[PDB]
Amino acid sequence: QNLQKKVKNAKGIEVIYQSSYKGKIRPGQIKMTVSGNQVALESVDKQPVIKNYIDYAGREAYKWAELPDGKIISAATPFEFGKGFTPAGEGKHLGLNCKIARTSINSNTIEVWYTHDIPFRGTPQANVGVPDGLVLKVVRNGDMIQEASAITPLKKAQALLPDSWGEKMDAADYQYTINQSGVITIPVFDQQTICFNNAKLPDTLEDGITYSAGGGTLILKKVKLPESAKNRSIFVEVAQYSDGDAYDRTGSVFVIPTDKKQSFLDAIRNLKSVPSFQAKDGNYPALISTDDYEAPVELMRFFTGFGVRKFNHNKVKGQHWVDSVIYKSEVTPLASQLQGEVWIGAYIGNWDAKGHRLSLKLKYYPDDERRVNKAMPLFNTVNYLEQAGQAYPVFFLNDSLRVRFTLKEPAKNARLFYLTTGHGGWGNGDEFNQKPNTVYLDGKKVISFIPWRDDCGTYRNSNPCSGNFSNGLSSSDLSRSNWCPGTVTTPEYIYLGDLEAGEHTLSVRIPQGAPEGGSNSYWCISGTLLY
């Protein structure tokens, strides 16, 4: 390849850069067009158009973007040649002799190969520093490589800098603006009150309005979600603080599918109006999906700290309390329940007249091609209607939870999205004692495992009103059956294998601990089928 001779007397060059990670060539490539002292760099539900430029005469490097809304933004960085660089030897690339310069940036070692063999300057990565030459290679940590694969002449001279810089920003504001540009954010609740105030669901529910229900401790809203959630990852974000309640409470975010005759809306209006799980104990309404009722789909199980923000005046040497707690979970596998117009709910079970303030948003982040699969709710024993007289799910003492479900088509590699916490807040109750959960499908044992968290001392600063014991521990510090005050309880993804069309049975056995002093143990388990 006779590179120097081919681009002697060219009016400009086009360099194509490819990137590789430890040998493996990554997709997509950068075209760097050089003409005089100007450089343009380009690649090759609406995305910003992103470009980079350099002016070697004025010595500024530029980020540039046209946002979906057609606002132009840019950020300009002046540079000096060779800033932060230490000579680090010689090499050859595409037959051209290169100085190599080394710099380190945020712990990375970066080597920049650059030639003076041909009369053109440019670099694909100005942000690591700009050598006075044409950059043929950038090596990060010996492994991550962006290298010129080709250099070709341009016959015509050409101005490359854009028409406008539009709105000039510093680099951090620019990067944040472009990064968030393709993100859909659906605000749902913003510091909304959840409290016990006997509130009841109206007989008219309009779109976009918060309603309070199950005695105040459920808030519901019908929200317009993207039509399709394909090619997105989806996260739930909650922010909470106490507005008066001192205690660690059971929190849940859920959606209410209405694809059958009855939905959890019908249960919120009137618990006894929907089908029941029929335990040896008695009948427990609203907990299992059936042919004509869907249980609510849980998105996130969380537990409040003891009196966040509200009790920050408590003094405990060594502790510095937080002003609020956040919770963020990926819920991408529930995408099919998170498209179109959807009833969304949040729950914090409590008895306080002022209670808690909770925020909730959904974020949809652009992702590689990602099919929406299906998610079908099977069961949910969270006591969402505790403040409207729902029984505690105490039937595990003598019974398994049992469901039936039907598939129209076979499903490969099905999974149960399974949220479990144990409850019974004394020394022999299931909050504080390890118990297995055993899942059965179509008469076979799928898995037996113990739900347990032993990291709860980590979140001490989220718990200003946690009781301090005479042995030195705080209530919030204790290990518990799969939850910690102030944190998310993460789902288990239980592999079910391939399921044939037709009906199936599934059950959950938990050796729940016996009552004591009138107090009961109980389990809050939810399960959605992912297929």
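For every residue, the number given is its place in the sequence shown, counted from 1.
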- Query: Looking at the deposited sequence, how many residues between residue 501 and residue 502 were given no coordinates in the entry: none, 1 to 3, 4 to 9, or 10 or more?
  - Reply: none
- Between 410-418 and 276-284, name whichever shows the higher mean Cα B factor according to the PDB entry. 276-284
- Task: Check the entry's C-alpha temperature factors for 199-207 and 321-329, then say which stretch has the higher mean.
- Result: 199-207
- Comparing C-alpha B-factors across 59, 63, 46, 480 in this entry, the winner is 46
- Query: Say you rank 215, 340, 187, 122 by Cα B-factor from the PDB entry; which sits at the top?
  - Reply: 215
- Query: Should residue 91 be placed in the lowest, middle or highest third of its chain by the C-alpha B factor in the entry?
  - Reply: highest
- residue 39: CA B-factor among chain residues, third -> middle
- Compare the C-alpha B factor of residue 17 with those of the other modelled residues in its chain, then answer lowest, middle or highest third. middle
- Query: Within this chain, which third does the Cα B-factor at residue 235 fall in: lowest, middle or highest?
  - Reply: lowest
- Message: Among the modelled residues of this chain, does the Cα B factor of residue 298 put it in the lowest, middle or highest third?
- Response: lowest
